[PDB]
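What follows is a short report on a single structure.
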Number of protein chains: 2
Amino acid sequence: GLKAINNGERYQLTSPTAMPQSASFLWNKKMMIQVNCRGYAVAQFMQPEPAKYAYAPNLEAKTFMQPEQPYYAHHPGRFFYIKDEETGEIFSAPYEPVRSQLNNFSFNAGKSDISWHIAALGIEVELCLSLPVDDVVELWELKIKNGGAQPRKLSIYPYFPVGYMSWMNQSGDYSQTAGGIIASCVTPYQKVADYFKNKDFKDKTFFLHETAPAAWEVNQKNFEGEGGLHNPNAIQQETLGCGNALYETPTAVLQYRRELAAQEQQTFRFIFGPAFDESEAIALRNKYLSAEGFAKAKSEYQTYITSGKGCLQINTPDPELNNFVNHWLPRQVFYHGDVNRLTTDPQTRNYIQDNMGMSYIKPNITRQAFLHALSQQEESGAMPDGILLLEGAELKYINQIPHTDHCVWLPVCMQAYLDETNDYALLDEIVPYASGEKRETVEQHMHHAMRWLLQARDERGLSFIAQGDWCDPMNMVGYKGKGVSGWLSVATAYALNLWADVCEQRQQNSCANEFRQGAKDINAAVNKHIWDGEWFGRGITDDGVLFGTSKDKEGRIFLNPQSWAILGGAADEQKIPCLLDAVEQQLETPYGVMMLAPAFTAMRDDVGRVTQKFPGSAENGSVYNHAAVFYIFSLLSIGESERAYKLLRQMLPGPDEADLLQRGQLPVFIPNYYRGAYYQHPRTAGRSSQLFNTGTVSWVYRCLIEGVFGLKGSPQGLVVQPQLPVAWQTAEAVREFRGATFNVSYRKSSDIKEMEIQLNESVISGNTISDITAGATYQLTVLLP
Amino acid sequence: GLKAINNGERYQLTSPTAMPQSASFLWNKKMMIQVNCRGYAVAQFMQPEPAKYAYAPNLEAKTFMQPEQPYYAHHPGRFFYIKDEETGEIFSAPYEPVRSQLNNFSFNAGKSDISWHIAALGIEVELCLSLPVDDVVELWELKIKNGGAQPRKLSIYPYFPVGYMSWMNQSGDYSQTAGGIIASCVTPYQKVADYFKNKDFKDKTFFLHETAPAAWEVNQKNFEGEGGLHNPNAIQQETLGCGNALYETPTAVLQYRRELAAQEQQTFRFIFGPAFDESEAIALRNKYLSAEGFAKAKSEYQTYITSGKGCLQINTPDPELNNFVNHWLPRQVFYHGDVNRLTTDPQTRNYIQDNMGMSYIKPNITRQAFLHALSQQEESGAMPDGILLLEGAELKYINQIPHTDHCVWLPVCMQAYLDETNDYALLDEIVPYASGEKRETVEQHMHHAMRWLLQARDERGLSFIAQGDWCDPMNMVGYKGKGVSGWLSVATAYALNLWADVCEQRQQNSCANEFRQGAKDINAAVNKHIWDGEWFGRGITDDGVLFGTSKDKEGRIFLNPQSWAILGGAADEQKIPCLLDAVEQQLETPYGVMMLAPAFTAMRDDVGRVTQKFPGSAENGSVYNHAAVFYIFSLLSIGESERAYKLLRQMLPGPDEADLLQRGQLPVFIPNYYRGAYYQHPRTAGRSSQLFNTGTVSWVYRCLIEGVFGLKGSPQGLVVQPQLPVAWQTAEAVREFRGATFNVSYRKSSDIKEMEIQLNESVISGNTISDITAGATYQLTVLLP
Ligand SMILES: O=C(O)[C@H](O)[C@@H](O)[C@H](O)[C@H](O)CO
Ligand SMILES: O=C(O)[C@H](O)[C@@H](O)[C@H](O)[C@H](O)CO
Ligand SMILES: O=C1O[C@H](CO)[C@@H](O)[C@H](O)[C@H]1O
Ligand SMILES: O=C1O[C@H](CO)[C@@H](O)[C@H](O)[C@H]1O
Ligand SMILES: [Cl-]
Ligand SMILES: [Cl-]
């Protein structure tokens with residue numbers, strides 16, 4: 001079974017084998033943890049760069065998670081063994097490592113915690129994980145209950161494997177003074193500069209108990225012996241051996257021996273995490289490790305998640321959509337803007353898009369993000385590939401490879417901010433540049449961004465692609481300095497059209513004329529060189545070849561040029577239906593729209609690394625949700641309401657059981673992709689990446705608020721412009737906007753020709769609610785033809 | 001049980017649980033594989049840089065092996081499941097992954113192959129691995145025999161897990177045309193330059209069958225299902241499902257179904273390895289995958305190992321020493337010089353020391369190695385930190401961190417070469433430098449090396465240490481440009497004394513006077529600033545502090561300054577007994593002599609990274625065998641025969657059972673270390689690193705040939721100068737030298753005062769055999785007081 005519980009606070013899965021990859025996540029200001037239904041987990045924390053405290057059993061590469069992450073028996077996780085001392089029989093919660101037959105199993109994804117209920121051998125177990133807001137520590141609560149009529153003698157053993165911490169130095173032992181196990185390493189390095197760099201690293205891992213245990217074991221190999229994780233030797237004997245680890249792989253295992261009466265339940269608390277030293281661990285113990293510590297953390301964490309609850313609650317005829325939108329969507333948006341994916345150098349397009357989502361959650365965060373981002377703009381007007389969030393941080397990984405699209409996001413996302421808040425006054429704020437002494441207004445920075453995009457174009461009027469644009473691994477189209485991007489061109493025209501509107505709203509008319517004419521010029525160049533007859537091509541290589549065309553067998557059509565040609569005006573009314581039909585014929589699937597098709601099956605070295613990913617995975621033809629939502633936003637922009645909704649709704653798994661089993665994910669987030677290459681590899685199509693980091697969600701939330709429900713801000717107030725799917729005879733939404741609340745009721749009427757809007761029961765003229773008082777609630781009735 | 005078999009060709013272990021870390025190795029011109037007794041293996045190959053074909057189940061760091069490598073259930077390995085189709089019962093060879101009760105178990109380390117015999121359920125299994133000389137491929141031979149009286153119906157399943165190959169792209173399927181499983185990936189990267197760099201990578205892994213199987217499975221998860229490795233789901237059912245891997249972790253599993261008659265045995269062959277493409281895999285199949293292919297490979301491989309058999313066969317009263325020396329030592333030496341540890345940039349001291357060992361195996365390799373190394377000498381005279389073996393290779397890892405000792409090895413190791421071969425004419429060969437146009441003789445290059453060492457010294461006359469000397473991680477003594485090394489000083493005096501002797505032998509008398517006076521000057525500076533009263537200190541920091549002294553609590557005495565002070569003459573006859581007693585009191589252990597003591601337990605940042613390794617591991621106070629053998633060589637140099645032998649013999653585990661169990665290794669190699677910190681952590685002391693890469697063995701072989709057996713070359717012929725331990729009443733050695741053979745018999749006589757030597761039964765005067773004819777055999781009798 002799989003369903004929402006607890007009035008939407010949690011989502012419960014009742015089989016540990018039907019959806020074995022399914023997972024949920026938690027975060028806080030400094031860490032995140034992905035937890036698998038069976039007990040495996042991946043946890044990363046910032047200090048201020050990424051690090052971990054629970055390691056693989058080998059030397060792992062520097063990495064958080066892969067799409068479609070595989071697990072394996074020794075993968076890090078969070079486990080408890082229960083042993084009936086009368087019979088010798090054992091089981092483990094949550095399910096791994098023993099995989100015993102259970103009488104009951106529930107995995108509860110929560111907004112603020114992750115929990116399990118399980119039962120075996122007549123013993124009922126509850127396990128609950130949560131995080132505090134501000135510190136790096138896992139709070140664990142274990143309940144064990146004798147559900148039968150006679151007393152039962154049990155051994156209970158937390159098993160929190162620490163793994164292979166370091167080839168240079170790793171160890172562990174029991175600390176009575178800290179009250180638990182302390183594992184210790186030195187992070188490996190060879191350069192003397194790294195010694196100075198690494199000085200404040202939290203290289204100890206603690207596992208601390210509230211309740212003193214009977215015994216402990218810190219040596220992984222001694223724990224398992226010949227029995228392995230299935231039947232550890234240390235658990236077969238009466239008492240743990242109390243061994244340490246001396247340049248041996250450490251582990252955190254405790255043992256409690258209890259005789260429980262009929263119906264008796266006992267509670268045990270633990271904290272697990274990194275520390276610089278034992279004094280930091282004790283500080284966390286004092287702060288957290290108690291009933292009062294746990295309550296106080298949970299109450300503060302609940303407040304934090306509520307502060308990000310967003311601005312739209314819906315009640316539609318689709319209860320799966322209601323649950324997702326009301327409970328899970330705004331939390332996933334909030335994660336992105338509040339902690340920026342836990343990188344010190346967010347990719348610029350990510351930083352701007354994720355903060356765009358915050359417009360609908362905590363717009364002051366958005367405001368500050370524009371100011372921060374623009375302070376790092378180059379004197380030329382160009383934006384850097386990443387935004388540094390800390391003094392001393394550096395550009396890393398893809399951020400070191402020159403991409404060209406970073407400026408385009410500024411007006412695209414600023415538009416959402418200005419529509420929602422009406423904070424035009426942000427345009428007047430003064431910000432420096434990355435170098436030099438110039439300090440200029442936001443508005444002047446934006447002008448320079450748009451002049452950059454106009455100047456970064458070849459003699460045909462098309463934008464240079466260098467080693468990529470929005471498609472990160474599209475790196476061989478323009479690496480020799482001549483290749484251009486189809487997508488970046490049509491997006492630049494959108495960006496310039498939007499910014500020109502803003503300039504007109506601010507009386508900057510020379511700017512409005514310049515950027516409008518730039519957009520026309522680009523669109524004309526697109527129509528002359530990129531349009532391929534039935535859709536727009538993707539780019540032109542360094543050697544003058546147009547790809548993403550009907551003459552290409554693989555990569556015959558890309559989604560993005562089509563969406564953005566719609567948005568930016570390259571696609572006129574005659575071209576639009578060609579676009580729609582080509583997308584439906586070649587890209588639409590039951591799991592959503594693919595970003596390209598057919599997927600590449602071998603390297604094409606005038607396009608690049610994208611073509612080397614497995615066909616159907618990530619940018620190589622997956623249902624890449626962020627590309628799909630740009631298409632949805634484009635469809636909304638031309639009133640293609642039914643097509644927009646159908647494709648948006650495909651992004652949410654369920655309720656169809658085969659769909660749920662095939663995607664393999666809980667419906668508590670949208671992943672960065674569902675596997676594509678639907679025609680070429682149908683067996684795997686739809687499978688979830690399980691990756692909760694995606695810029696998709698800020699756009700999905702925008703599309704629902706402004707597009708589908710049609711409750712959009714303007715300089716006059718709230719514009720009512722719904723595009724509800726025609727199947728809904730009635731719907732409701734509650735919209736928080738500019739400090740007020742709107743209780744909106746939508747209803748289809750036989751007796752009207754045009755939409756009718758009533759405010760507090762009287763008919764308005766026009767479609768804008770203009771008198772909005774902070775703290776007030778308004779009743780809106782929207783009758784639709 | 002644990003003993004030599006097959007007239008010394010193999011070494012057999014008969015328990016899979018008593019020594020669970022024990023392993024042996026195989027290599028060839030392009031690869032090496034470490035195989036664990038239980039079936040785990042680590043394999044690396046050169047293409048021309050290091051790579052692998054069997055991967056961990058996660059994203060692993062770029063690495064071969066760690067000291068004291070831990071295993072875990074999903075670690076790469078080489079397995080076969082056997083299923084009784086009548087009962088459902090299963091077991092696996094060699095032992096993992098099922099860990100069933102066996103009726104018989106043997107693990108056979110071989111000079112040329114690795115094999116197992118096991119029995120369970122009345123079925124007898126043999127498994128044999130070998131490599132060819134020149135290609136990268138594992139040759140596997142499986143025999144299955146019904147040992148009972150009735151027919152038996154079995155399923156037999158090779159399980160060669162491929163692991164997680166790549167986040168970008170991984171897959172696998174069955175290829176009828178190749179005749180087996182082909183797994184395929186693209187090695188991940190992001191920089192366009194890496195695409196061009198990676199073009200010839202062997203990114204497919206094959207598992208090819210000689211005999212067509214009933215079924216196959218290429219999806220790891222489908223193979224295991226809920227049963228895991230213990231009881232795979234795919235093996236529970238009647239037939240494998242024949243599934244593929246599509247951006248899923250691949251595996252190589254086949255299924256054979258057989259009814260075997262009473263006493264019937266069947267043989268099955270497979271090859272496993274990397275390939276660029278299916279055409280390369282088929283090429284390997286045609287070449288190797290047959291009875292004739294396997295025989296031809298084995299016969300050619302046996303010839304290759306015999307070509308490296310070395311120059312000394314012994315028959316002493318210690319049969320453990322005989323076995324090691326005769327069978328295992330020369331093979332380990334040969335590996336080092338023949339393939340240079342499978343790095344394209346050997347550390348200079350390693351390249352020179354390993355090739356020194358080749359003096360006794362294939363001296364023309366040594367000769368060529370001096371010429372190659374010197375061609376990369378800098379115009380200053382300094383030697384680079386590594387030696388590049390291929391055009392386009394680069395310095396990597398420690399080779400990028402400035403160390404200062406590289407020149408000292410040249411005369412130290414050249415001496416062994418000249419004594420063994422008498423090839424003084426090498427000195428006249430002309431070689432360029434790393435830059436510039438100068439081409440000069442070997443002899444002139446050497447002069448410039450020794451002038452470098454003289455000039456790289458501070459105002460006190462002591463050698464600069466920069467970021468390390470022989471002790472690789474000793475990086476904070478001199479990183480600010482002032483710190484000096486105690487060891488490098490006393491070694492430089494040795495090197496200069498040796499080279500001066502050579503110059504005198506060549507009539508270069510001005511050179512001999514200059515280098516001799518340099519040595520005296522250094523030794524005087526050592527005695528004034530480094531001698532600490534009872535032993536020599538290790539160095540002086542950038543801020544003027546002498547460490548490795550009686551005032552230091554940790555790192556109170558280092559071994560190396562003492563050995564090399566003996567060799568280079570800083571230690572006079574009054575100091576020597578202080579050295580010996582300090583080493584015995586503070587450094588000697590039952591497992592050998594520690595390199596420093598007590599081990600460091602925390603960072604000391606004017607000494608550096610060495611102090612951060614776990615106490616007892618590697619350079620932080622282990623029995624670091626290469627330091628120990630320098631001390632043994634120093635003891636031989638002053639006729640401390642009993643102490644030299646006792647410490648050399650401690651490097652070989654066994655026959656004491658507690659010793660064997662505690663070190664945890666087969667006696668078929670010397671590891672780079674046995675765990676130290678004997679006083680501080682006695683539980684783990686003696687544990688083998690299991691690392692067969694070590695410069696120890698060229699020195700151990702030298703010490704035995706020239707020192708203990710005392711059969712040493714000179715410009716006059718063979719000098720007879722044995723230092724046998726006094727317990728041996730008789731011994732024999734057969735020595736190959738300058739193309740002749742010497743059958744030497746040693747015997748203790750009551751009736752003489754001085755050694756007496758007879759050649760072909762007549763007494764000689766003096767101790768040199770001077771008339772040596774190539775192809776002749778000489779009988780030598782050495783009577784000793
Ligand atoms: O192929 C790649 O280079 C990676 O997929 C990137 O596109 C990353 O996913 C991105 O930097 C977010 O981490
Ligand atoms: O601590 C370290 O830097 C490593 O131990 C080195 O000393 C390597 O072992 C050496 O480069 C051989 O690989
Ligand atoms: O993973 C990603 O993929 C996207 C497609 O390459 C890119 O636009 C985002 O900035 C990046 O986070
Ligand atoms: O691992 C090593 O350790 C030694 C000690 O640091 C060093 O001298 C060798 O060159 C190096 O191979
Ligand atoms: Cl794209
Ligand atoms: Cl040393």
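Every number for a ligand or one of its atoms is a count from 1 in the order of the listing. These numbers come from the heavy atoms of this one structure, side chains and all, not from hydrogens, waters or symmetry mates. In what follows, every chain begins at residue 1, and chains take the letters A, B, ... in the order their sequences are listed.
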Check each atom of ligand 4 against the heavy atoms of B:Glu619 and keep those under 4.0 Å away; list them by number with element.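 Here the atoms of ligand 4 in question are 3 (O), 5 (C), 6 (O).
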With heavy atoms of B:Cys471 as the reference, note each atom of ligand 4 found under 4.0 Å away.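 In order of numbering, the contacting atoms are 6 (O).
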Which residue and atom name correspond to the protein heavy atom nearest [atom], and how close is it?
{"atom": "atom 1 (O) of ligand 3", "answer": "A:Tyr624 OH, 3.4 Å"}
{"atom": "atom 8 (O) of ligand 3", "answer": "A:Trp470 O, 2.7 Å"}
{"atom": "atom 11 (C) of ligand 3", "answer": "A:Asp472 OD2, 3.4 Å"}

Over 60° means perpendicular and under 30° means parallel, so classify the ring planes of A:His626 and A:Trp699, tilted if in between.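 The arrangement is tilted - the two ring planes meet at 30° to 60°.
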Parallel, tilted or perpendicular, judged at 30° and 60°: which one describes the rings of A:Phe669 and A:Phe25?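 Taking A:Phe25 first and then A:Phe669, their aromatic rings stand perpendicular (interplane angle over 60°).
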If you measure from the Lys or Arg side-chain nitrogens to the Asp or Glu carboxylate oxygens, is any gap between A:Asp469 and A:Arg538 under 4.0 Å?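 Between A:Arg538 and A:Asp469 there is a salt bridge, with a charged N closer than 4.0 Å to a carboxylate O.
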Ignoring hydrogens and geometry beyond distance, is a side-chain donor-acceptor pair present between A:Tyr397 and A:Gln347 at under 3.5 Å?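 A:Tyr397 vs A:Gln347: no donor-acceptor pair found between side chains.
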When you measure from the side chain of A:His403 to the backbone of A:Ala466, do you find a donor-acceptor pair of N or O atoms at a distance under 3.5 Å?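 Flag not set: sc A:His403 to bb A:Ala466 has no pair under 3.5 Å.
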My understanding is that we take every heavy atom of each candidate and find the minimum distance to atom 10 (O) of ligand 3. Doing that for A:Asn350, A:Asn693, A:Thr343, A:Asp469, which one comes out nearest?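 The residue whose heavy atom sits nearest atom 10 (O) of ligand 3 is A:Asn350.
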